[PDB]
Structures are given as structure tokens and as C-alpha cells.
Amino acid sequence: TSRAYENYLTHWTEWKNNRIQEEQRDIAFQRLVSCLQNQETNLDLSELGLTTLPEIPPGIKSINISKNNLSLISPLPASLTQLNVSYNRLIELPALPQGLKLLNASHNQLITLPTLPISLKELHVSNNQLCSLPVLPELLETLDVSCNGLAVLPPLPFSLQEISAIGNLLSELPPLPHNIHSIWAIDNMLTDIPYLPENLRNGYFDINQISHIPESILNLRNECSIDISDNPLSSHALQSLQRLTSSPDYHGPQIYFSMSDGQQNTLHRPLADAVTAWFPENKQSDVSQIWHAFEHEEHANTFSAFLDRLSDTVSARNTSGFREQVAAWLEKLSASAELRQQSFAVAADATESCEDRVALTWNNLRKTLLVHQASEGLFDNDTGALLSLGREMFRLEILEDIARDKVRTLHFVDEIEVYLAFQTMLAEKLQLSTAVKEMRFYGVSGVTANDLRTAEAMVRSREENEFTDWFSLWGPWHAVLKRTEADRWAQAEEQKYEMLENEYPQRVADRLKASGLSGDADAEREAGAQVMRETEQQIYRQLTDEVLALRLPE
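Cut-offs used in this document
- Residues numbered from 1 in each chain as written, not as in the entry; some residues may be left out.
- Heavy atoms only, no water.
- Helix = DSSP H or I, 4+ residues; strand = E, 2+ residues; numbered from the N terminus.
- Buried < 20%, exposed > 50% of the residue type's maximum accessible area, 1.4 Å probe, protein only.
- Contact = heavy atoms within 4.5 Å.
- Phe/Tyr/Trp six-rings, centres within 6.5 Å; stacked < 30°, edge-to-face > 60°.
- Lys NZ or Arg CZ within 6 Å of the ring centre and 35° of its normal.
- Domains from an automatic or database assignment.
- Buried area = accessible area lost by both parts, 1.4 Å probe.
- Salt bridge = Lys/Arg side-chain N within 4 Å of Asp/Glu carboxyl O.
- Polar contact = N/O pair within 3.5 Å; in protein donor to acceptor, adjacent residues only side chain to side chain.
- UniProt positions renumbered as here; feature names shortened; annotations may be inferred.
- Core = buried A, V, L, I, M, F, W, Y, C linked by side-chain atoms within 4.5 Å.
- Expected span 1.5 Å × (residues − 1).
- Axes fitted to C-alpha atoms, helices over the stretch in contact; angles between N-to-C directions.
- Nonpolar A, V, L, I, M, F, W, Y, C, P; charged D, E, K, R; others polar.
- Patch = residues over 30% accessible without salt bridge, like charges linked within 9 Å, V, L, I, M, F, W, Y side chains within 5 Å.
- Areas by Shrake-Rupley, 256 points an atom, 1.4 Å probe, with all protein chains shown as cover.
- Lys, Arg positive; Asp, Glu negative; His and termini not counted.
- Charge placed at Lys NZ, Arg CZ, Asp CG, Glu CD.
- Pairing = 2+ DSSP bridges.

For this deposited structure, the header cites X-ray crystallography as the method used and 3.400 Å as the resolution.

Have a look at this one:
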């Protein structure tokens, strides 16, 4: 019994009369009729609360049944294009007609969604329980997925111009087709901004987990507004953006910002915390008791300053949460034996000349440790260990040169997070034990696939001529020398004294003539500095070359 004319008619009457509520059953039956009787292709009968729905006539182009109480839906005409089921609660969605351009189901129940036909140009789903999206016809220019929890946001059509998911639980986004113009996400969890095509007027992300600014944002038109308010951003990133924004000439596309961790952190001297605990957890395992006594201290505040500052980039927890280099170190200061004094005293010069910037400081702590490790006697004549560290430590050294060099091109990135990127990636290439060894894409901005192996090559180079000279001036190396070979160490000064006495002033003169800089009250000083530096390099290379040397038969 495929549909006849009257077949509807009898069945409809049964639908109006059986189970009338106070009114609205039959009123649709008047509507069902006039849409049939006058052949009008579309019908609303949305307002009138109706438990269920009857059969539909074949010639229908649109159906507006919405704002009802309707548990489920009947069979659809193929002929259908516009469908609004919106506000009536719906637990399941029937099979769709090919030619539907417009489609809406909002404020409804179902978790499950079916296959959208090619001709479909529009999809609205506003409040829902669905967590999973099927295939989108490339034809589709509108996606309202907002407000219902979604982890997985599928591919987007070639043709999508609009995307809205608010309140979804999605972790990251797919990259967006060029047509895309307006974008909305709030109350989500979002790694980062996925490249944002230049057509775009407004993307919106208030979803307070995004770590950094893609820096590809400044390619976008003047009245173009995007929103990064309430995201965790480095004091550096925000401050940078702000300075960048208050500008004689135009910011970029107007971007909307936040405030974040209280009151101006990379402007000078705002605050200092105490015994900042990144330690195995908020589990202190006796800590803050132990670092309490130090709280009354001198030089402890300077240290407190670069405890926040170094936290800021890696307190994102990013890469390994805690103990990445974190918890093992401050247990070393816990014993002191001059170590702390050592650590605190270096921490002051972070804010001293070199003025304000970082990353030499973190390097320098590790050096001051070895300086201490070596000194307290940990190298007996075992040089082998001390060989591989210095060689490693040189690599780490050269990389901070590199970060500093890239970080003055990029304004959205702390100097250290650039570095913090290289350390984990090159961890394989260049042997690195001080590598936390793994997190992939937190390797931030800049950091070209190539520039990563443009750096490896670089350090591969300096290692060659420059390293042998490196060890001889290094820290710990001296700390081992004074202990094991005292005489030769001593005779090294005997000789350093000599040059200072003898050729030193002349050595300078010679040097200044060749700079044509003799007048300068300024260059005369870098003259000694170079000579004083050079002969130290000279002296202490002799000193090392001997200490470890192979030539036997005579």
C-alpha cells in the first residue's frame, strides 16, 4: 500500500481525534489539510504542542515543525529542502532527502547524527547531547555545532564559510578551508589557533586553555577582530602584545586580549613567591618546612624573582610536568655546602647587567653545580664523565645563542621557550641527557622543520674547532685542575702573571693600531679585554693539552 490520496486523509483524522489534549491536536489537522488541499508546498504547525506526527504529502518542499514537544519524527519526502525541527526535544533523527539545502535541529536530545546529503547547504545544531559527527558534503557552507559536547570535529568541506561550536569539549581544531571567514569557540579546551585563513573577519576563542599566539595572526585585515581573552598566556606574550598594540601605526587586525596572572610580571620588580613547589606534586614530601629557614635570608629574593620567571614558561607544566629538571635540583641546594649561596649569588646577576633576559641563568645554574660537584671532589681522575657533560653543556650553550637569535624576530615568545623547544627535539640528534626528551608540538613558533636541522648542523660545526678551546676555560674543568694537578695549575698563573707584566701593554697597543680605534676612550678598553682574554685562552690551553696527552715512545 504505497501512498494514495485518501489514505492520508483517513489516517490524519485518526491522529487529530484520538488523544486530543485540550486543543492543539486537530489544529494541525486543519493545517495538514490546507497544505494538501491548496497544494502549498511548505507548512509550519510549529507552535501547537503535539505528542507525535502524521504522514507527510509527496509535493512538500519545506516543513517547519519546531518549538513543539515532539519525541520522534515521521518519514521524510524526498522532495523536501528546508527542514526546521528545532525546539521540540528529539532523541533520534530520520533519513534525509537529497535536495535539502537548509537543515535545522536545535535544543534536542540525540547523541547520534546520520548522513547529510550532498545538496545540503546548511546545518544547525544548537543545544544537544551528540558527541560524534558524520561526513559533511563539500557543498555545506554553514556549521552550527555549538553548545553540545564534542571532542571530535571532523573534516570541513571545501566550501564551508561559517563555523560555530561553543561549549563543546573538543581538544584541538582541524585546519580551516580558505573560504572560512567567521569562527566561534568558547567553553572548549583548545591547544592552539589552526592557521586562520586571510578571508577571516572574526574568529572567537575564549577557551582558557591555549598556550601561545600562532604569530600568523598579523596577516589579517584592519577591521578584523579575534578574541584571546581568558587564555593562559605568558606574562611575556601578553606584555609583548600590549606594547605591540599601543603603537603609532596599526596593531594588526584588532585582537582582543586578557590580563592574566596578576599585576605586570615582566615589567620590572612586581612580586616574588616563596619555595615555589613544582616538586613531585603539591605533595611537598617535607618541603616548605625545609625551605622555610631560608626564607629569612639575604640574596634569596633575587632568586625568588627568576623562580617565577622560569616557572612562567614551563609552569605550563609543559613537556614533563614536574621533575623534568624540576624536583631533583632543589634537593641539591637543600644540602648546600655553599651551593645555595652559590645559586643565590648567581641569581642576582640575572637582573644585573645583561640587563633583563633569561636562559643564560638556567644554563649558569647547571654550571655552578658542576663547579660545585667538581670542587667538592667528584672528579678523581674521572675525566671521562666530565668530558661528556662539557661536550653536552657546550651544545646547550650554542643553542641558547640560537634561541636568542630567533627570539628577536618573534615577539610572541619568551626567549626560553624557543630554547626549551630545541632541547627536546635535538635530544636525539645531538646526544642530550639533560633532555626531558619528549614533547612534540610544544616546540612553539619559528622552529622550522629545517631550522631544527639548521641548528643541529650549526652545533655540529662549532663543536669542531671551537670546543677544544672551550673546555680549557670551563668552570668545573678548572675546579678539577686545582684539586688534582696543583702545581701545573699554579704554574699557569705564574705565566699569566708574566704576560700581564711583559707584553701585555704592548700586546694591547699592537691590537689597537690594527683597529684604527686608538683615540676611542671606549675601544681602548676592549683592547685589553681581547688580549687579556686571548692569552688566558692561550695559557689555559697549554695547561689542558698537557694534562691529558698521549705521545709515548720517545
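Caption draft 1: Spatial organisation of the overall build of the protein chain. Scanning the protein chain from N- to C-terminus turns up 14 helices and 11 strands. Expressed along its principal axes, the backbone C-alpha trace of the protein chain runs to roughly 120 × 55 × 55 Å. Within the protein chain, the proportion of its 554 residues that are buried is 42%. A fraction of 37% describes how many contacts in the protein chain between residues 6 or more apart in sequence connect residues 24 or more apart.

Caption draft 2: Molecular detail of the environment of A403. Structurally, the position occupied by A403 is in helix α8 (residues 383-406). Classification of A403 by relative accessible area gives buried; the value is 0%. Residues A403 and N18 lie 385 residues apart in sequence; the distance between their C-alpha atoms is 78 Å. Dropping the residues within four chain positions of it, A403 is found in contact with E415, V418 and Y419.

Caption draft 3: Highlighting the packing of aromatic side chains. One pass over the structure, following the stated rule, counts 13 aromatic pairs. Pairing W291 with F344 gives two aromatic rings, centres 5.9 Å apart and planes at 40°, and the pair type is tilted. Separated by 53 residues along the polypeptide, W291 in the loop between β11 (255-256) and α4 (300-314) and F344 in helix α6 (residues 339-348) bring together distant segments of the chain. A centroid spacing of 5.0 Å and a plane angle of 45° characterise the contact between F394 and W470, whose relative ring orientation is tilted. Note that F394 is positioned in helix α8 and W470 in helix α10 (residues 449-472), a separation of 76 residues in sequence. Considered together, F394 and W470 belong to a single accessibility category, that of buried residues. Chaining the aromatic ring pairs together yields one cluster made of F394, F467, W470, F471, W474 and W477. It is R391 that lies over the ring of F467; its NZ or CZ is 4.3 Å from the centre.

Caption draft 4: Local environment of the domain arrangement of the protein chain. Entries for the protein chain in the domain assignment read domain 1 (300-477) and domain 2 (487-547). For domain 1 and domain 2, the distance between their C-alpha centroids amounts to 29 Å. Listed per partner, the contact involves five residues of domain 1 and seven residues of domain 2. In total, domain 1 and domain 2 occlude about 570 Å² of area from one another, counting both sides; carbon and sulfur atoms represent 59% of this. Applying the counting criterion to the domain 1 and domain 2 interface returns one salt bridge. Taking the shortest distance from any N to any O, the salt bridge between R541 and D469 comes out at 3.2 Å. Taken together, domain 1 and domain 2 are joined by four residue pairs in polar contact.

Caption draft 5: Structural view of the UniProt feature "active site" (unreviewed entry) in the protein chain. In the numbering used here, UniProt assigns the "active site" (unreviewed entry) feature to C354. The exposure class assigned to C354 is partly exposed, which follows from its relative accessible area of 47%.

Caption draft 6: Representation of the nonpolar core in the model. Of all hydrophobic cores here, the largest spans 101 residues; its most connected members are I63, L143, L399 and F422. In terms of residue count, α8 provides more of this core than any other element does, eight residues in total. Taken domain by domain, this core gets at least three of its residues from each of domain 1 (300-477) and domain 2 (487-547). Ignoring sequence-local partners within four residues, the contact set of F422 consists of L399, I402, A427, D451, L452 and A455.

Caption draft 7: Structural context of α4. Taking 1.5 Å per residue, 15 residues should reach 21 Å; α4 reaches 21 Å between its end C-alpha atoms and fits that length. Among the residues of α4, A300, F303, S304, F306, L307, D308, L310, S311, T313 and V314 are the ones counted as buried. Packing partners of the buried residues in α4 comprise α5 (326-335), α6, α7 (360-378) and α9 (415-429).

Caption draft 8: Spotlight on the packing of α5 against α6. Between α5 and α6, the shortest axis-to-axis distance is 6 Å and the interhelical angle comes to 115°. Together, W329, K332, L333, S334 and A335 of α5 and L339, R340 and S343 of α6 make up the contact between the two elements. Here the residues of the contact of α5 with α6 are counted per class, giving four nonpolar, two polar and two charged.

Caption draft 9: Structural view of a negative patch on the surface. The grouping of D487, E493, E494, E498 and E501 at the surface amounts to a negative patch. Tracing the backbone through its elements, the reader meets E494 in helix α12 (residues 486-501). By relative accessible area, which is 51% here, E494 ends up exposed.

Caption draft 10: Focus on the pairing of strand β8 (residues 182-185). With three bridges joining them, strand β7 (residues 162-164) and β8 adopt parallel strand pairing. Across the sheet, the residue bridging to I163 is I183, located in β8. Note that β8 and strand β9 (residues 203-205) share three bridges and pair parallel. Bridge pairing in β9 places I183 opposite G203.

Caption draft 11: Up close: the environment of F303. Here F303 is to be found in helix α4. Considered as a pair, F303 and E400 are 97 residues apart in the sequence and their alpha carbons are 21 Å apart. Excluding its chain neighbours within four sequence positions, the residues that come into contact with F303 are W291, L330, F344 and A347.

Caption draft 12: How the structure looks around the pattern of salt bridges. Counting across every chain of the model gives 16 salt bridges. The closest approach of N and O atoms between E534 and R507, which form a salt bridge, is 3.8 Å. With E534 in helix α14 (residues 523-547) and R507 in helix α13 (residues 504-513), the pair connects residues that are 27 residues apart, well separated along the chain. Exposure remark for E534: the relative accessible area of 30% places this residue in the partly exposed category.

Caption draft 13: Region of interest: unusual backbone geometry. The phi dihedral of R323 is positive, around 60°, even though this residue is not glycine. Inspection of the secondary structure puts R323 in the loop between α4 and α5. Residue classification places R323 among the exposed residues on the basis of a relative accessible area of 60%. Of note in the backbone geometry, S336 takes a positive phi value of approximately 55° without being a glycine.

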